[PDB]
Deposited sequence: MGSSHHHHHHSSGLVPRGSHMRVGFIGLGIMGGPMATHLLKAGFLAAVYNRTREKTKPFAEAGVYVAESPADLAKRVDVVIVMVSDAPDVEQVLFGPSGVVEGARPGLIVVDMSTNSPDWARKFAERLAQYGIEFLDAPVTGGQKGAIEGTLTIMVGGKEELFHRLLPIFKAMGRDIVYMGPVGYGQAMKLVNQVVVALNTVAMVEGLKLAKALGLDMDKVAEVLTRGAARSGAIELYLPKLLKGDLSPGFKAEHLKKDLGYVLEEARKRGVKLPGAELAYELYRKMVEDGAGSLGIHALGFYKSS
């Protein structure tokens, strides 16, 4: 049960800290060395590469931005695959798609490495409080074996099914999240235009996850992530790719994509998704 954690971002940092607190964290990896520093200060081994990390643990969790970043971390010249022994389990917790999850699992099995896709919901607040919802695709036996590890980071732990099914469920989640977030921003734009009392607006509206998590920041003009707009943009692209594959029309998701693609183009990709139309 030794875990190595790769990617110490906004979600990754507090997630890895939960695992450390639970006694599971043995090693961390970050592209940018500085973020490993509080882990080194707590005696966590800081790896020189994902391969160096993989050599030393039984489970590798990946919490990195997008699928190409997962590819690099797993399959690059000093990727996980170069240091892993057969039997290692890889758990991808960031967000991509069912097709990516299945390609990761296929490529990994060539090395005798097991794979689960376990993306999460609950944002930065959930990661910090260890109350994340976790939605898991892969072998059902591995789900059960990793449950104590998942319980260290979240609360509602859900087995979705075969590989790819965690990502599926996350893409469904992201559709809801994008539109709930657009729903809020548009509400507030109209409230502001109608000269309404923000304290009262907040009272009446508080309803969705987005409003609960982001309204108090928005009202303060704190535009910081939170969850990065460039990340929602990637998530929605995966959403529309899957919708196209299966001939479902999601014109809401398509508009959300455009709006977030625009925010990225405008140079606000690093702001919270809640900053849409206020940046």
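Item to complete: Can you give me the gaps, meaning deposited-sequence stretches with no C-alpha coordinates, in sequence order?
Response: Residues missing from the model, as numbered along the full deposited sequence, span 1-20, 227-230, 304-306.
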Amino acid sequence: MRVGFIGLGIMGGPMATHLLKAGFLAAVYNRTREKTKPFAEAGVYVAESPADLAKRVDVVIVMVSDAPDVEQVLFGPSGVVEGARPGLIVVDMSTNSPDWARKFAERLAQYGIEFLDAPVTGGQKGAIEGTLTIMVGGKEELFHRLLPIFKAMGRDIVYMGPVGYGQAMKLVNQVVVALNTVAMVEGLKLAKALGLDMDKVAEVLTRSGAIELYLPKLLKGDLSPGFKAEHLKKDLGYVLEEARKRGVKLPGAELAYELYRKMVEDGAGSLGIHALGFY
From here on, numbers count along this sequence of modelled residues.
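Worksheet entry | Of 121-129 and 175-183, the stretch whose C-alpha atoms average the higher B-factor in the entry | The recorded data point to 121-129.
Worksheet item: Hey, which bit's got the bigger mean C-alpha B factor in the entry, 91-99 or 75-83?
Response: Comparing 91-99 with 75-83, the higher mean C-alpha B-factor belongs to 75-83.
Discussion item. Just the C-alpha B-factor column, please: which of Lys189, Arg107, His144, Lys170 has the biggest number?
Written reply: When the deposited C-alpha B-factors of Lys189, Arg107, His144, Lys170 are compared, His144 is largest.
Discussion item. I'd like to know which of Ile113, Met198, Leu116, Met160 has the highest C-alpha temperature factor in the PDB entry.
Written reply: Result of the comparison over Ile113, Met198, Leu116, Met160: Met198.
Worksheet entry | Chain-wide C-alpha B factor ranking for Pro148, given as lowest, middle or highest third | Highest third.
Worksheet item: Of the three thirds of its chain by CA temperature factor, lowest, middle or highest, which one includes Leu255?
Response: CA B-factor rank for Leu255: middle third.
Practice prompt. Quick one: classify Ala193 as lowest, middle or highest third of the chain based on its Cα B-factor.
Written response: Its C-alpha B-factor, which the entry lists for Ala193, ranks in the highest third among residues of this chain.
Item to complete: Classify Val136 as lowest, middle or highest third according to the C-alpha B-factor given in the PDB entry, relative to its own chain.
Response: It belongs to the lowest third of the chain when residues are ordered by C-alpha B-factor.
Worksheet item: Compared with the other modelled residues in the chain, in which third is the CA B-factor of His231?
Response: Answer is middle: the recorded C-alpha B-factor places it there.
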